[PDB]
Amino acid sequence: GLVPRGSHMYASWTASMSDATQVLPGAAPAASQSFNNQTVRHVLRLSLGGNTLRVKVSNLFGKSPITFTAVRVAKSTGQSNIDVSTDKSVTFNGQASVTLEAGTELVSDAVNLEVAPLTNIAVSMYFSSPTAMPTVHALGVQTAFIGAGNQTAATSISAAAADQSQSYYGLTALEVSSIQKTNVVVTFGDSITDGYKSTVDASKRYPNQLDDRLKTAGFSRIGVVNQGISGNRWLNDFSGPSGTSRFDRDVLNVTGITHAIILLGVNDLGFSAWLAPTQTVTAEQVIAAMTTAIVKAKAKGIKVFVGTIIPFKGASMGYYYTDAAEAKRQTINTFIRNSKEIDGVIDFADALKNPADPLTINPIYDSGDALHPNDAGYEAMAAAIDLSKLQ
């Protein structure tokens, strides 16, 4: 009959936040990016359409407050260009400017802009004052455009091409309202979820390609949002807050989450040979972290799927991949494949392994570093997922 008319917000796009100033033990300090009377125009692909939207901004890892002098949204027409007829002010309790204390995040008022699934919008932020922005999504696989002054409502960003970035600055979710029954699938993981080595500005991350399959099958109301962080580990900070510490924020608290696909751990194994030798962890310690995350998500009624760790022999041999890392990978994958607690396994390892040698990634899917898939490998990851799982 008539769908009940109650409207609700759903996460349509997400980006997990990291602290750009955090470094490995023993490393030299790292400086954050800063803006000073400048506008950053981000571009993002919506998984879910609807009638209104709201923007979640973040100062989660700031050391001082930041003030967003203006935030605006518009439909993207490619590169930095917008459809000015769709430009809208984004307000916060009715105010165009808003200050976030260090360690806080904030979702905006609803914006009356009707949007369609798998379309790009631009979210533009003006910082009038000197603004340190350590709170980033570091590897966005998407161009952002930076210009002088308040260009948030401009048709395009007038600036030098060297003033482009591929990060997201203090922008962490974009939620869209609908009266329809809606599923939200959160892909949680590291660079292989984030989409490192997929084509920039092409929406070829594995969760994008999974989203394409869903919409092609007719499921416009099953959304896929990306909570990957390139370099992320279950058990230790860097890159990004540890998987265990961020699971509540980046999975359990995603608006409308119904399903999660967890793919994490290869960096726990690979970082200890050389990047972080004081942070050697066992497969059993990784499994314990995974267990607590699974328990928490199931307690909230979320469907929990766990992916097997894809083969990575050849990835900086002796300095990332090691025999110890392979042994731990085996133990973890055996645990995943035999677990009675998870709702299902997604055997990415089986899907992407080399038929000629199961310890290596299939050469046709290898970006070149023996660890990260290329676009075809991310397509193969998405193709391996039974869409019945996401219903």
Side-chain angles (χ1 to χ4, degrees), residues 6-15 17 35-62 64-77 80-116 119-133 135-137 144-157 168-179 225 249 253-256:
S7 182
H8 308 277
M9 281 288 174
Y10 300 94
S12 184
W13 170 95
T14 59
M17 299 282 99
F35 300 107
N36 183 7
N37 187 28
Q38 293 166 286
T39 299
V40 57
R41 180 161 285 174
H42 303 100
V43 179
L44 60 90
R45 182 197 216 208
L46 296 175
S47 181
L48 290 170
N51 313 290
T52 72
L53 62 84
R54 58 188 192 179
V55 181
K56 188 169 181 178
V57 296
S58 181
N59 191 27
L60 183 61
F61 297 114
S64 68
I66 61 178
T67 295
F68 300 81
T69 308
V71 181
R72 304 189 72 85
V73 291
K75 293 190 181 184
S76 169
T77 56
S80 75
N81 303 292
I82 62 162
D83 182 347
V84 171
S85 72
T86 66
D87 162 66
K88 308 289 176 182
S89 176
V90 176
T91 58
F92 299 82
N93 195 31
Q95 307 301 305
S97 306
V98 70
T99 300
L100 273 64
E101 283 308 287
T104 69
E105 311 190 299
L106 184 64
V107 72
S108 75
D109 303 332
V111 173
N112 292 307
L113 178 63
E114 187 179 338
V115 293
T119 65
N120 286 3
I121 63 170
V123 177
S124 302
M125 302 164 162
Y126 172 49
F127 301 100
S128 67
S129 74
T131 300
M133 285 299 316
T135 308
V136 297
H137 185 81
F145 305 89
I146 299 161
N150 185 351
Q151 297 186 48
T152 54
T155 303
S156 65
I157 300 300
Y168 290 92
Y169 299 91
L171 177 58
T172 186
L174 188 147
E175 303 181 349
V176 182
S177 65
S178 178
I179 72 165
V225 299
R249 175 178 59 257
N253 295 346
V254 170
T255 300

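The first residue in the sequence is number 1, and the count goes up from there. Excluded from the calculations below are hydrogen atoms, water molecules and symmetry mates; all remaining heavy atoms, backbone and side chain alike, are included.
- Annotation: side chain of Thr255 is not in contact with side chain of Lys56 (no heavy-atom distance under 4.5 Å).
- Residue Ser156 holds its OG atom at 10.0 Å from CZ of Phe145, rounded to the nearest 0.5 Å.
- Annotation: side-chain hydrogen bond (donor to acceptor under 3.5 Å, both in side chains) contacts involving residues 97-109, sequence neighbours excluded, comprise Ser58-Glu105, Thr67-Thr99, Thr91-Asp109.
- In this structure, the separation between CG on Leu53 and OG on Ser12 is 8.5 Å, given to the nearest 0.5 Å.
- Separation of atoms OG (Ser76) and CD1 (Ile82) is listed at 9.0 Å; rounding is to 0.5 Å.
- Between atom NZ of residue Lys75 and atom CG of residue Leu113 there is a gap of 6.0 Å, rounded to the nearest 0.5 Å.
- Of the residues listed (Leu171, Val123, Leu48), the one engaging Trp13 in a side chain to side chain contact (heavy atoms under 4.5 Å, CB included) is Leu171, and it is the only one.
- Contact of the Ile121 side chain with the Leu44 side chain is registered, since non-hydrogen atoms from C-beta on lie closer than 4.5 Å.
- The distance between the ring centers of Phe68 and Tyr126 does not fall below 6.0 angstrom.
- Taking OG1 of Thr172 as the start and CG of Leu60 as the end, the distance is 8.0 Å to the nearest 0.5 Å.
- When atom types are taken as modelled, the side chain of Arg41 and the backbone of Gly147 share no donor-acceptor pair closer than 3.5 angstrom.
- A 4.5 Å side-chain heavy-atom check between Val40 and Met133 finds every atom pair outside the cut-off.
- Taking the side chain as every heavy atom from C-beta outward, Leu46 and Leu174 approach each other to under 4.5 Å.
- In this structure a side-chain-to-backbone donor-acceptor pair under 3.5 Å is missing from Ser85 to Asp83.
- For the residue pair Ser124/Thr39, the side-chain donor-acceptor check at 3.5 Å is not satisfied.
- Every residue two or more places apart in sequence or in another chain was checked for a side chain to side chain donor-acceptor pair (under 3.5 Å) with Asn36, and none qualifies.
- Contact record, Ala144 with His42: CB-CD2, 4.1 Å, taken as the closest heavy-atom pair.
- In terms of heavy-atom proximity, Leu106 sits nearest to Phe92 at CD2-CD2, 3.7 Å.
- Across all non-hydrogen atoms, the minimal contact from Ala153 to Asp87 is CB-OD2, 3.8 Å.
- Considering only heavy atoms from C-beta on, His137 comes within 4.5 Å of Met17 through its side chain.
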Full working for side chain to side chain contact (heavy atoms under 4.5 Å, CB included) between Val225 and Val254:
CA-CA 9 Å; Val225 299; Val254 170; 4.3 Å; yes
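- One N or O on the side chain of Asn150 and one on the backbone of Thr152 form a donor-acceptor pair closer than 3.5 Å.
- If you look at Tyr169 and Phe127, their ring centroids are not closer than 6.0 Å.
- Note that CZ of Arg72 is 10.5 Å distant from OG1 of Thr86, once rounded to the nearest 0.5 Å.
- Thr135 places a side-chain N or O within donor-acceptor distance of the main-chain N or O of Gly62, the cut-off being under 3.5 Å.
- Side chains of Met9 and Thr52 form a contact here, defined as non-hydrogen atoms less than 4.5 Å apart.
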